[PDB]
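Same chain, two versions here, written out as structure tokens and called structure 1 and structure 2.
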Structure 1
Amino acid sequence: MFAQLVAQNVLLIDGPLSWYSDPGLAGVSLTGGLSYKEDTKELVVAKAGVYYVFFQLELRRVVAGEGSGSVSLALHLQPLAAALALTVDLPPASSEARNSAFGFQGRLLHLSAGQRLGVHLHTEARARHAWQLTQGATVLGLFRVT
């Protein structure tokens, strides 16, 4: 009983992230009944229990000398609020050029049978197009503990 999705999204738009199962986890077919619905951009929990849920973020400055602000990630469980929250600083551009930002969070969550895990990306930035999600670096992971 485990699951791990990699987000498709590169461009910073506000909204729900679109995922694909981790390719480097192809070999393991029956991960668990933890299936992903593409219509709603959500992952549906099969069997209830206490799971170690974690997510990751990785941003890069694509336009040199531009962009500053913050970037949030929110894991929402439906039905019931924001189970996991990451808020990453996109540093302003300067000579002492910090041009990448990472985010990591993980905690034991009590998940129910048929619950839907979704991830929302919110952006509060100046020259928003100058920062971008690194493809293959935005991840959502799960594994039962009980």
Structure 2
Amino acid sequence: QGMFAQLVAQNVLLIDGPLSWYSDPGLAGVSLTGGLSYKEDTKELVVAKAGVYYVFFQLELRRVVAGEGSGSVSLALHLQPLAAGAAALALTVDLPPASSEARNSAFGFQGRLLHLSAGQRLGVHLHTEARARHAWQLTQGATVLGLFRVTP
């Protein structure tokens, strides 16, 4: 069983801060094989074996209050320990203002190759620049952090 993982976000409400993740592999859409594990206190995924990984996350939102809510939402992947500059993965999804043509969901996907060593911690932070934030929520099961090792 090669080194790979996929976590489904627990959060529904748009609040700035670290996302909490489902990590039990018995849950549909969640896989945590090898020596990989999840630190629930710090909300970080800890890497099992060193290598280069294809790391990706997915961001899907649904309008939960009809006719309300607009702005944008952002995810950032943070590595622990850190170089000094930048974030490893950044994805911004715009929420369309409510209109007759506007749909009530929004989606964004981004993927990257990342150097990860064993014992490295990966956290994701949610940021929101939205008006009437209550009108949008994270689509349950569709905000996902995944990674698999490409150096076999």
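We call the rigid core the largest set of C-alpha positions that still match within 1.5 Å between the two forms. For residue numbers, the reference is structure 1: its sequence is counted from 1. Only residues modelled in both forms are compared.
Problem set entry | Mobile residue between structures 1 and 2, C-alpha criterion 2 Å or more, rigid core, from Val10, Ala125, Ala137, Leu25 | Once the cores are aligned, the residue moving by 2 Å or more is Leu25.
Exercise. Once both forms share the same rigid core frame, by what distance in Å has the CA of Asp39 shifted between structures 1 and 2?
Worked result: After core superposition, the C-alpha of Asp39 moves 0.5 Å between structures 1 and 2.
Exercise. After superposition on the rigid core, what is the displacement of the C-alpha atom of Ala48 between structures 1 and 2, in Å?
Worked result: The alpha-carbon displacement, core-superposed, is 1.1 Å.
For this session: Using the rigid core for the fit, write out the stretches of 3 or more consecutive residues with CA shifts of 2 Å or more between structures 1 and 2, ordered by sequence.
Result: That run whose C-alphas all shift by 2 Å or more is 21 to 30, the only one.
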